[PDB]
Structure formats: structure tokens, C-alpha cells
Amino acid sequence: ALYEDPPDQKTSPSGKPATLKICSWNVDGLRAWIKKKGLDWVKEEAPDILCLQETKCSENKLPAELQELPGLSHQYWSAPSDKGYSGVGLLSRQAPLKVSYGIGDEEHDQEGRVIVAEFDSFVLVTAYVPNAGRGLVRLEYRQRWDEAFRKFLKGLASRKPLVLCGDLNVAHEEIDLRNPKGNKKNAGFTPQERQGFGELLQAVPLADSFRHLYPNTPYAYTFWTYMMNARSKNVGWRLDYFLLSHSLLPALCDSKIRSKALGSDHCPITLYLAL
């Protein structure tokens, strides 16, 4: 039932040393995560790029302790216009060539869920996909968002190879959560949401970085409900992903689940690429 993430492979199949380390983390309340020592974890992990989802913190209440990461000094933030209910961030060692926010339909919406950062040799998207909600009350919104997102990403990755990370709010296959059969009618594992993720991989196309390396590893999760003691009993879901263009698979050194790192009801994930 438990899971121990394999050790970090810092060399590509071709044999190159990893040159870029990206960490993605749903902090589920940036300010509380900061009080639970999340920045201490990040400083130890020392990623070149850090992506954060569900910040639930407006741009103006951002603790200046984030300024205390000069190793990740270029910081971009995407807060909603309506809501602390969502929000995402991207911090990198080097300035991206260009940073954008949203997926094009910010008229009447602007939910604060996506940052697009263009780097020298690839484009990174971080996303906090809308949860379909308890009793699927937001599933219809989720399906329309999936469609727009796929379309938006299609007209993005035809220029440079793409990395996409974040809380995608779906367990793709039954090997991606602990209770598949009790959850087929729950947000994260409906047939429609599993279909959208399949369509995402097909249409862009993207490869699931973790499952590309560990197709047969079970019990690998990145989210556990705070309730019961689901984290302790590894009753989890894998909702957080690094998705890669096929162009990038020969650079893929490893894709980590940082199961032990506390501070949220998700744990960090870490990507190594040899670029």
C-alpha cells in the first residue's frame, strides 16, 4: 500500500547529465504552506524552476519571504479576478524570454490558473486545472475548460517543445489512485475527465513523464485527502504531472514524486531534463 519513490536518475538514456530541474507543487494555500516550512523544503530541493498551484493569495499579500529565494528570483503570479480560491505561480533562476497568463478567454473570466513561460529551448506551462467539484457541480465547467486548454496548448507547442506541469485534477488510469472503483463518479476520476486527459495526450501530443519511466509502478500518488489518515495509509491520487513533448523524451532523466515533503495535501513533483 505504501510507496517509496525510486532514487533520482540524473543522467539521460543517451548519457547526458541533467541540466534543468523543475519542481511543481500544489501548496493549497501559499501562506500556510510558507508557515509549514515549504520554502525550507524548496531551498533544499534547489530547483531551477518552481511552479505552484492553488496559492489562494492575492498578488499584494504575497509574503516577502518569497523574495528570500535569490536562487529563484524571477517570480510571476496569476491570481483570479473574482475569488483566495485558486491562483498559481512560477519562479525561475533565469528570466523566461516571455511570460503570459491564461488561455485566451479572459473576457468575463480570468481564473488565475495558467502561466506560460517561454525559455530558450522549450515552453513551460503550469496549470491548476478546475476541480469538477463535490457531486460534479462544476463538471460541466471542467469539460469546457479541458476543450479550451487542449486548443490553446495546440497553438502553443507547434513552435517549441513543451513541458506542462501542475495539478491537472485527474487520475488518468486506475493505476493512478487507490480507490478506482469507489471513485468512478467522483471529481478526478469521472469518465469525462479521464477522457479529456487522454485527449490531451493525443492531441498536442504529450507523454506522461512519470508513467513513461514507470509504466508498471502502482501506489504512486501526489495527493491525499486531509481526512482520515489517507496520507499515512497511502490512500492517494496522482493528480500532479509533468507532461512532455515527444521531442523531449531523450532529455528525460527522471520524474520524481517527493512523497515525504509536507506542507500541503499534495506533495511536490520534480523533473530532471538534460537540455
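Start at 1 and count along the sequence shown; that's the residue number.
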Fill in: Residues of the deposited sequence that sit between residue 145 and residue 144 yet are not modelled
none
Worksheet, complete the sentence: Higher avg CA temperature factor (46-54 vs 221-229, as deposited) belongs to 221-229
Worksheet item: Hey, which bit's got the bigger mean C-alpha B factor in the entry, 162-170 or 129-137?
Response: 129-137
Worksheet entry | Selection by C-alpha B-factor (highest) of 75, 94, 121, 100 | 121
Discussion item. Ranking the modelled residues of this chain by C-alpha B-factor as given in the entry, is residue 274 in the lowest, middle or highest third?
Written reply: middle
Worksheet item: Considering only modelled residues of the same chain, in which third does the CA B-factor of residue 28 rank: lowest, middle or highest?
Response: lowest
Worksheet entry | Assigned third (lowest, middle, highest) for the C-alpha B factor of residue 15 | highest
Practice prompt. Rank-wise, by C-alpha B-factor, drop residue 68 into the lowest, middle or highest third of its chain.
Written response: highest
Worksheet item: By its CA B factor, does residue 181 count among the lowest, middle or highest third of the modelled residues in the chain?
Response: highest
